[PDB]
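Below: one structure, written as structure tokens.
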Amino acid sequence: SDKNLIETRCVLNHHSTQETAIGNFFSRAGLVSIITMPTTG
Amino acid sequence: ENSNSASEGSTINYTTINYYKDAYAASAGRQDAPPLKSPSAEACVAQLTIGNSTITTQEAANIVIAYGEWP
């Protein structure tokens, strides 16, 4: 839509969209629990 | 005859009389939307974009082309 409100040139854009696939967004291990078993307390 | 008349180079052809080697010495003779009524773009939300700028009009029949000639 740039080439609609301004004059544009041609850009051969090959930027990947893979890293924003939900799989890559989510498949990173994150902390979900901290369990403690102290000897005192 | 030298083709040095002021009308030389126009689309209209005139029938004139001459007795000299220079065409301009000849008589005036006789010949043998509208450009002046502000022709609309059509007769010859809208958006006119030019460069990095855009204005917004409405109709092409609302754009006057002076003397019917585009720059």
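Ligands are numbered from 1 in the order shown, chains are lettered A, B, ... in the order of the structure tokens, and residues start at 1 in each chain.
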
| query | If you count only C-alpha atoms, which residues fall within 9 Å of segment 44-56 of chain B, apart from same-chain ones fewer than 4 positions away, as a PyMOL selection string? | reply | (chain A and resi 4-8) or (chain B and resi 33+39-40+60+65+68-69)

| said: Would you pick out the contacts of residue 27 of chain B at 8 Å or less, using only C-alpha atoms, so that residues sharing its chain but fewer than 6 positions from it are not included, and give the list as a PyMOL selection string? | reply: chain B and resi 16-18

| task | Using DSSP on the backbone coordinates, identify all residues within chain B classified as strand (DSSP E or B); present the result as an MDAnalysis selection string. | result | chainID B and resid 2 14:15 22 30:31 40 46:50 53:57 64

Do you know which residues are at most 9 Å from segment 1-13 of chain B counting only C-alpha atoms, after dropping those on the same chain fewer than 3 positions away, and could you put them as a PDB file with N, CA, C and O atoms, in the first residue's frame?
```pdb
ATOM      1  N   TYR B  20       6.897  38.658 -54.764  1.00  0.00           N
ATOM      2  CA  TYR B  20       8.274  38.774 -54.279  1.00  0.00           C
ATOM      3  C   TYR B  20       8.866  37.419 -53.813  1.00  0.00           C
ATOM      4  O   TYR B  20       8.123  36.466 -53.550  1.00  0.00           O
ATOM      5  N   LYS B  21      10.198  37.334 -53.725  1.00  0.00           N
ATOM      6  CA  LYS B  21      10.871  36.083 -53.339  1.00  0.00           C
ATOM      7  C   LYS B  21      10.704  35.680 -51.871  1.00  0.00           C
ATOM      8  O   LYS B  21      11.011  34.544 -51.503  1.00  0.00           O
ATOM      9  N   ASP B  22      10.214  36.599 -51.040  1.00  0.00           N
ATOM     10  CA  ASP B  22      10.012  36.318 -49.614  1.00  0.00           C
ATOM     11  C   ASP B  22       8.525  36.081 -49.325  1.00  0.00           C
ATOM     12  O   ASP B  22       7.675  36.921 -49.652  1.00  0.00           O
ATOM     13  N   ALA B  23       8.226  34.924 -48.726  1.00  0.00           N
ATOM     14  CA  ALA B  23       6.853  34.516 -48.397  1.00  0.00           C
ATOM     15  C   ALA B  23       6.073  35.477 -47.496  1.00  0.00           C
ATOM     16  O   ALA B  23       4.848  35.588 -47.620  1.00  0.00           O
ATOM     17  N   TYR B  24       6.765  36.166 -46.591  1.00  0.00           N
ATOM     18  CA  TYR B  24       6.078  37.088 -45.693  1.00  0.00           C
ATOM     19  C   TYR B  24       5.531  38.343 -46.397  1.00  0.00           C
ATOM     20  O   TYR B  24       4.706  39.072 -45.820  1.00  0.00           O
ATOM     21  N   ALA B  25       5.981  38.581 -47.637  1.00  0.00           N
ATOM     22  CA  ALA B  25       5.521  39.728 -48.439  1.00  0.00           C
ATOM     23  C   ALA B  25       4.119  39.466 -49.011  1.00  0.00           C
ATOM     24  O   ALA B  25       3.443  40.395 -49.478  1.00  0.00           O
ATOM     25  N   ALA B  26       3.697  38.197 -48.960  1.00  0.00           N
ATOM     26  CA  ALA B  26       2.403  37.761 -49.474  1.00  0.00           C
ATOM     27  C   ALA B  26       1.211  38.372 -48.745  1.00  0.00           C
ATOM     28  O   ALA B  26       1.337  38.875 -47.620  1.00  0.00           O
ATOM     29  N   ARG B  30      -6.819  33.686 -47.544  1.00  0.00           N
ATOM     30  CA  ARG B  30      -7.972  33.077 -46.878  1.00  0.00           C
ATOM     31  C   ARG B  30      -7.669  31.643 -46.448  1.00  0.00           C
ATOM     32  O   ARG B  30      -6.919  30.933 -47.123  1.00  0.00           O
ATOM     33  N   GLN B  31      -8.246  31.225 -45.321  1.00  0.00           N
ATOM     34  CA  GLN B  31      -8.040  29.869 -44.808  1.00  0.00           C
ATOM     35  C   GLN B  31      -8.627  28.858 -45.785  1.00  0.00           C
ATOM     36  O   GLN B  31      -9.829  28.886 -46.057  1.00  0.00           O
ATOM     37  N   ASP B  32      -7.771  27.980 -46.308  1.00  0.00           N
ATOM     38  CA  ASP B  32      -8.166  26.928 -47.248  1.00  0.00           C
ATOM     39  C   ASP B  32      -7.021  26.602 -48.200  1.00  0.00           C
ATOM     40  O   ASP B  32      -6.542  25.468 -48.249  1.00  0.00           O
TER      41      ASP B  32
END
```

| note | re atom CA of residue 37 of chain B and atom CA of residue 70 of chain B: distance 15.3 Å

| Residues flagged alpha helix (DSSP H) by DSSP in chain A, as a ChimeraX atom specification | /A:2-5,22-26

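Note that the spacing between atom CA of residue 58 of chain B and atom CA of residue 42 of chain B amounts to 12.5 Å.
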